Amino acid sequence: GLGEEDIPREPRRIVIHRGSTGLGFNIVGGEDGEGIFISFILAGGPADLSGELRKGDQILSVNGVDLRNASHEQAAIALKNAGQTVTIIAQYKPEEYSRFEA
């Protein structure tokens, strides 16, 4: 069925050190079964300088807090409260991201 043939990418661990405005990305999703996806990387911000996160990554967890079925507000709160050194588990899911961004 739909999604069964998506290419699975291995989840990755990305450690981000918070900067003056945050972690340097934005998120969409957290509603209607859509997970939390990175939609924006701020130029020069922590996520950018790390070089690892990208648009279309789903954030699976933040500091071990599961965000697979979290609301958008829950995800934003988790990111706000994650401290100075933030451990993100992300999985690049371009097929899904594309289906949800249409």
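In case it trips you up, residue 1 is the first one in the sequence shown, and so on.
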{"item": "C-alpha B-factor winner, where the candidates are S61, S50, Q74, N26", "value": "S50"}
{"item": "Chain-wide C-alpha B factor ranking for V65, given as lowest, middle or highest third", "value": "highest"}
{"item": "Cα B factor band for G35 (lowest, middle or highest third within the chain)", "value": "lowest"}
{"item": "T87 by Cα B-factor - lowest, middle or highest third of the modelled chain", "value": "middle"}
{"item": "Position of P46 among the chain's modelled residues by C-alpha B-factor, lowest, middle or highest third", "value": "middle"}
